[PDB]
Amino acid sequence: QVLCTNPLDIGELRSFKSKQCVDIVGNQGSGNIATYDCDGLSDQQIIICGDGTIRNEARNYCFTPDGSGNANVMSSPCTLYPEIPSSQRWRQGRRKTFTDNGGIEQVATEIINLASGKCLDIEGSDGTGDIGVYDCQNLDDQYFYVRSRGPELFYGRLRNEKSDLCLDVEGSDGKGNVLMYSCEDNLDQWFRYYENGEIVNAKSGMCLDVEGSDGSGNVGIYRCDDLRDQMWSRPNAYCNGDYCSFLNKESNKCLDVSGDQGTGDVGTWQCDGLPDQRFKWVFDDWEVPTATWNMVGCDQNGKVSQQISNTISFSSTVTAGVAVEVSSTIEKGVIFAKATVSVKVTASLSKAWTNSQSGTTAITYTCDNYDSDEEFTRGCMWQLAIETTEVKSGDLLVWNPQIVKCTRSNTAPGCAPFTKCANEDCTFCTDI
């Protein structure tokens, strides 16, 4: 598997103990792995692969123990032949569920190496430091979760009820002070708002933040830091139709524009019920996307192999702006087999879409195993299709990522992308 074609999850991998991110040194996706602050870079977007590997979005490299026994873990080239070695494959062990400080239900597990049976481990017991593998000893620092933000609640530009101006970040890179500006087709005016309270800027991937930690003062976009002053509520009681206030969870103050004309600098201030403290989400309507599987090929008496490409079909240019809009739409909800999918499936699909704007990156893929894990002796290869329609134009968008399932059946997989076929024919699912 040159690329991870059967991912189960994409996101930050967090220590249960410290809540720090599992980090590759620098930003290139290769090198030593240790804990660090979560910095929004693509190397900290970890890919939990169905083949047992753990990869990342910065570089197509694998979490790898440096030697046998207790050993350091680094991001290095995935070994593919004659097979991926058990040393670069991992499984989930025991689980812990918990509610994090943002109110999200998370699931942490042990991450166990298949060769040694040792646990992914952080030096010591505080959940900070160098990451390697070590005997499993049940402590919190050997539990890891892929961070869920919870559902994406809303998204788009935030337009002020008083002025009709939009939240904007100084400059164009999505970082720094937030103030009011004319609503335009700039990426840094687009935000996504989650159940965990975060309001995340599309340009920078950084969070709507109050200076310091007490929730009182100037508002800007700064590194998402998991603190309560970066959590926002949008209570029905403070709404006027689709224009609503945003109350800071730490201070209980309103997102506010200086004075009362809705034209100046943005911070938090005592709520006062005035129109300049209310904002509407402005976005174009796209239909709820649907996921299906397309047959690539079948071989009834051996392995199926075929070239697979990441393709996007759309009547117009998929600009940076279209891409952000489609990512937002996907994350809000997807239908598979007439049903909604879990938050991790939509979060991961939206991330895969964002990370699929670099071309076809064609590869040859061979079904060596059924999606359920057994050796592939016959069956079909299936490629994902995500379809949505922009409502104002009626233009259908079809995205075919390099996300595949190998099954024993001529019937399409009964499992959504980012979930695992439980049996060879793929009629039910695990890891949902």
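Don't overthink the numbering: it's just position in the shown sequence, from 1.
* To do: Look up the CA B-factors in the entry and say which stretch, 223 to 231 or 172 to 180, has the higher mean.
  => Result of the comparison: 172 to 180.
* Per the entry, higher mean C-alpha B factor between 326 to 334 and 194 to 202 -> The entry gives the higher C-alpha B-factor average to 326 to 334.
* Given 209, 121, 214, 242, the residue at which the Cα B factor reaches its maximum -> Out of 209, 121, 214, 242, the record gives the largest C-alpha B-factor to 121.
* **Residue, from 292, 99, 277, 72, that the PDB entry assigns the highest Cα B-factor** => Comparing C-alpha B-factors across 292, 99, 277, 72, the maximum falls on 72.
* To do: Divide the modelled residues of the chain into thirds by Cα B-factor and specify which third, lowest, middle or highest, holds residue 25.
  => Answer is highest: the recorded C-alpha B-factor places it there.
* **Among modelled residues of the same chain, the CA temperature factor third for residue 189** => Answer is middle: the recorded C-alpha B-factor places it there.
* Relative to the other modelled residues in the chain, which third contains the C-alpha temperature factor of residue 262: lowest, middle or highest? -> It belongs to the middle third of the chain when residues are ordered by C-alpha B-factor.
* Asked: If you rank the chain by CA B-factor, which third does residue 105 end up in: lowest, middle or highest?
  -> Within its chain, residue 105 is a lowest-third residue by C-alpha B-factor, going by the deposited values.
* In terms of the chain's CA B-factor thirds, is residue 378 lowest, middle or highest? -> Residue 378: CA B-factor falls in the middle third of its chain.
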